[PDB]
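Please read the structure below before turning to the comments.
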Amino acid sequence: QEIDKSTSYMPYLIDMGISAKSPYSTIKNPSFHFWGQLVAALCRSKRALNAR
RNA sequence: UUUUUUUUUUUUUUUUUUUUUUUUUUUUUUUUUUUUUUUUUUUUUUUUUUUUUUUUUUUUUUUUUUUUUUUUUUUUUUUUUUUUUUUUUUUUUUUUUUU
């Protein structure tokens with residue numbers, strides 16, 4: 001899926017019309033958005049205190 | 001439906017900086033916000049010392065009675081028509097959730 005390439009089509013997945021249901025979202029991947037964000041909030045980061 | 005930092009142009013990151021500076025010190029003197037002199041109870045005329053007293057008195061007691069600010073008699077849930085007894089219910093439903 002060329003994840004690592006900054007000059008590629010992946011970050012414009014939706015607006016290019018390549019895919020309609022992205023496999024990288026919070027709705028597609030809940031409870032991995034709770035993990036990680038909870039860890040960062042418990043590691044005293046102010047960004048993760050606002051994650052839903 | 002889709003989403004999920006009320007994040008983001010790129011840069012940047014002391015609500016720091018001319019240069020020089022650093023007692024919101026200083027004329028020189030000075031240093032009781034002391035002092036004429038001499039005094040020192042914001043004492044005293046002499047008397048005097050209950051903001052006591054006419055005498056008499058001494059419950060801010062009393063006419064005599066009296067002594068529940070009780071009582072017609074009867075009574076004694078400031079109960080009761082009967083019936084009743086979720087200030088429940090159409091049916092279906094049951095996140096004041098959702099493209």
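Just a few scattered comments:
- Residue check for A:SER22: on the phi > 0 side of the Ramachandran plot, assigned to a loop (DSSP other than H, G, I, E, B) and small (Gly, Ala, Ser): no
- Among residues of segment A:26-52 that are of a type in the set (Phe, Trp, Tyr), those with a Cβ under 9 angstrom from a residue that is surrounded by 10 or more Cβ atoms within 10 Å (Cβ to Cβ), sequence gap 6+ or separate chain, pair up as A:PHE32/A:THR26; A:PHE34/A:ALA51.
- Whichever residue in segment A:16-39 is away from RNA strand B (no atom under 11 Å from the Cβ) and of a type in the set (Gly, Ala, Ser) and, among such residues, is farthest from A:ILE3 (Cα to Cα): A:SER31
- For the criterion of being within 8 Å of RNA strand B (Cβ to nearest atom) and assigned to a loop (DSSP other than H, G, I, E, B), A:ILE3 fails.
- The set of residues in segment A:20-39 being surrounded by 11 or more Cβ atoms within 10 Å (Cβ to Cβ) and more than 15 Å from the chain's Cα centre (by Cα) consists of A:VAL39 alone.
- Taken together, the criteria exclude A:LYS46 from residues that are basic (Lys, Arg) and near RNA strand B (Cβ under 7 Å from one of its atoms).
- Looking across segment A:40-52, the residues that are in a loop (DSSP other than H, G, I, E, B) and loosely packed, with under 11 Cβ neighbours inside 10 Å come down to A:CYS43, A:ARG44, A:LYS46, A:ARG47, A:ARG52.
- Any chance A:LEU13 is surrounded by 12 or more Cβ atoms within 10 Å (Cβ to Cβ) and not in a loop (DSSP other than H, G, I, E, B): no
- The number of residues in segment A:1-36 that are under 24 Å from A:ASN50 (Cβ atoms) and aliphatic (A, V, I, L, M) comes to 2.
Coordinate-derived values only; no laboratory data. Please note: Cβ atoms are built from the backbone with ideal geometry, for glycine as well, and neighbour counts cover all protein chains shown.
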